[PDB]
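In what follows, a single structure is set out as structure tokens and then discussed.
Reconstructed Cβ throughout: ideal geometry from the backbone, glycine too, with neighbour counts over all protein chains shown. Rule-based calculations on the coordinates, nothing more; no lab input.
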Amino acid sequence: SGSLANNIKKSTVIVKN
Amino acid sequence: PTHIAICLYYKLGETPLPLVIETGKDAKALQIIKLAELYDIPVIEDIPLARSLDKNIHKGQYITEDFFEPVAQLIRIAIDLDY
């Protein structure tokens, strides 16, 4: 558990619709 | 509005190209957006780009050639210059 959050924490930019 | 969120990561010496490290639809998209605010990750709304990334570039995959410049433009806006 926590992989989602750890990936978001380190990421550069999020693209959404 | 099927909601979609695509999480891009690019780090020199690690990442030879920008990487899609997480994706979400529907409730998972909403969660990703909430996590993005919690961690101060820039979020850009671009509906054609998001839809195209969602279809083409799966979690754990590098972006492909059609996306190189659109993603570069997002990176230039989103990069934290660290000062």
Original post:
For the stretch B:1-44, which GluC sites (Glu not before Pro) are in a loop by DSSP, counting at most 12 other Cβ atoms within 10 Å?
Top reply: B:14
Subject >> Relative contact order (percent, whole number), chain B, Cα cutoff 8 Å, 6+ residue spacing >> reply: 31 percent
Original post:
Between the DSSP loop rule and a limit of at most 13 other Cβ atoms within 10 Å, which trypsin sites (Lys or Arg not before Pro) in the stretch B:22-83 are left?
Top reply: B:59
**OP:** Please report, to two decimal places, log10 I(q)/I(0) for the protein assembly as shown at q = 0.19, 0.20 Å⁻¹ as given by the Debye formula with identical point scatterers on the Cα atoms and no solvent.
**Re:** -0.85, -0.96
**OP:** Enumerate by residue number the chymotrypsin sites (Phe, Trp or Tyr not before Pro) in the stretch B:1-54 meeting two conditions: DSSP loop (anything except H, G, I, E, B), and at most 14 other Cβ atoms within 10 Å of the site's Cβ.
**Re:** B:39
Original post:
With the Cα gyration tensor of chain B giving a ≥ b ≥ c as the square roots of its eigenvalues, does the rule (a/c under 1.5 for rounded; else a/b larger than b/c for prolate; else oblate) give rounded, prolate or oblate?
Top reply: oblate
